[PDB]
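These are the residues of each chain, in order.
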Amino acid sequence: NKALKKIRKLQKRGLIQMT
Amino acid sequence: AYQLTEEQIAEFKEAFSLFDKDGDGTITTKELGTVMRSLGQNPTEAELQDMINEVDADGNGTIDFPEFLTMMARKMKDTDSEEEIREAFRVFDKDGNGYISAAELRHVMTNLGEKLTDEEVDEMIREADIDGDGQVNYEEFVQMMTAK
Ligand SMILES: [Ca+2]
Ligand SMILES: [Ca+2]
Ligand SMILES: [Ca+2]
Ligand SMILES: [Ca+2]
Ligand SMILES: [Cl-]
Ligand code: NA
C-alpha cells in the first residue's frame, strides 16, 4: 500500500514519462 | 486530464528539480543522462538529444520549465493506462530481464525521490509476487498497479 502510493506519486509528477 | 493547480505545479517542480541538479532552470543532456544512469539505463547522446528536441522550441539545446510542461501535457495520461503501466515496468526493471527484483525496486525508488524502507520493499514484493519466485513480472505488475 505505502510503496504503491509512492509509485503513484512518481507517476503524477511525470517522472515515469521522463524516464 | 491534469490541471495547473498550485499543488500540481509544485509536483512538476519536484520532478524538474530531480533533473536540474544545479538549479539553473534548464535540463541538459548531461542531467538527463545522470538520472537515466542512476536507473540502470545508459542511453546514447543521440537518445538524450532526441528527448530534448521533442519540446526544444527555441532550439537552445536544453529544456526549460515551459518546455518541460509542454512535454508533460503531450505525454501524460491516466496512471492506469496500458502504455503508463508498461513504461513504469520498464523503469523499475533496471536490467530489462522481465522481472523486477527487490534490489531494483529499492534502487529505482530512492533514485527517483521516493525512498522505500526495506519493509516497504519486501511488503510490495511479497504481495505482488503471486507466482512465488520472489520477483515481480509484468503480469504481476499490471495486477498490482490496477487492483483498484
Ligand atoms: Ca541544469
Ligand atoms: Ca529550450
Ligand atoms: Ca530485472
Ligand atoms: Ca513473481
Ligand atoms: Cl490552485
Ligand atoms: Na493553493
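Going by the header, the method for this PDB entry is X-ray crystallography, and the resolution given is 1.70 Å.

**Here's the deal with the overall build of chain B**
Helices and strands together make up the secondary structure of chain B, namely 8 helices and 4 strands. The helix and strand sequence of chain B, counted from the amino end, reads α-β-α-α-β-α-α-β-α-α-β-α. Out of the 148 residues belonging to chain B, those deemed buried represent 41%. Here chain B has roughly 8,400 Å² of accessible surface; of this, 48% comes from carbon and sulfur atoms. Positive and negative side-chain charges of chain B, numbering 14 and 37 respectively, have mean locations separated by a distance of 2 Å.

**Some details on the UniProt feature "domain: EF-hand" in chain B**
Residue and element names in this part refer to chain B. Within this structure's numbering, the places UniProt gives as "domain: EF-hand" are residues 7-42, 43-78, 80-115 and 116-148. The straight-line gap between the two end C-alpha atoms of residues 7-42 is 32 Å; of that span, 64% is helix and 6% is strand. Taken as a whole, residues 80-115 contains 58% helix and 6% strand, while its terminal C-alpha atoms sit 22 Å from one another.

**Observations regarding the side chain of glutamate 84 of chain B**
In this structure, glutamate 84 of chain B sits in helix α5 (residues 82-92). A distance of 2.9 Å separates polar atoms of two side chains, one belonging to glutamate 84 of chain B and the other to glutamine 17 of chain A. If we ignore the near neighbours within four places in the chain, the residues touching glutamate 84 of chain B are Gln11, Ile16 and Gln17 of chain A together with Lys77, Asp78 and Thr79 of chain B.

**What about the coordination of the calcium ion (ligand 2)?**
All names here are of chain B. Coordination sphere of the calcium ion (ligand 2), protein contribution only: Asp56 (OD), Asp58 (OD), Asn60 (OD1), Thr62 (O), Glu67 (OE) and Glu67 (OE), at 2.3 to 2.5 Å. In this structure, the calcium ion (ligand 2) is surrounded by 6 donor atoms whose angles at the metal cover 53 to 158 degrees, and the resulting shape is irregular. Going along the chain, you hit the donors of the calcium ion (ligand 2) in the pattern D-x1-D-x1-N-x1-T-x4-E. The class of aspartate 58 is partly exposed, set by a relative accessible area of 49%.

**Comments concerning the pattern of salt bridges**
Here the structure, examined in full by the defined rule, presents 8 salt bridges over all chains. Between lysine 77 of chain B and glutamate 83 of chain B there is a salt bridge, with its nearest N and O atoms 3.3 Å apart. A salt bridge links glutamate 82 of chain B to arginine 86 of chain B, with the nearest nitrogen and oxygen atoms 3.8 Å apart. Taken together, the residues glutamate 82 of chain B and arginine 86 of chain B, both in helix α5 and 4 residues apart, mark about one turn of the helix. The class of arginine 86 of chain B is partly exposed, set by a relative accessible area of 41%. Taken together, the shared-partner salt bridges in this structure form one network comprising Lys6 and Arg13 of chain A together with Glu11, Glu14 and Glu114 of chain B.

Reading the values: rules and limits
Residues numbered from 1 in each chain as written, not as in the entry; some residues may be left out. Chains lettered and ligands numbered in written order. Heavy atoms only, no water. Helix = DSSP H or I, 4+ residues; strand = E, 2+ residues; numbered from the N terminus. Buried < 20%, exposed > 50% of the residue type's maximum accessible area, 1.4 Å probe, protein only. Areas by Shrake-Rupley, 256 points an atom, 1.4 Å probe, with all protein chains shown as cover. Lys, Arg positive; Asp, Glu negative; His and termini not counted. Charge placed at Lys NZ, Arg CZ, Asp CG, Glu CD. UniProt positions renumbered as here; feature names shortened; annotations may be inferred. Polar contact = N/O pair within 3.5 Å; in protein donor to acceptor, adjacent residues only side chain to side chain. Contact = heavy atoms within 4.5 Å. Donors = N, O, S within 2.8 Å, 3.2 Å for Na, K, Ca; no water. Tetrahedral: all angles 85-135°; square planar, octahedral: opposite > 155°, others 65-115°. Salt bridge = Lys/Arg side-chain N within 4 Å of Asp/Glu carboxyl O.

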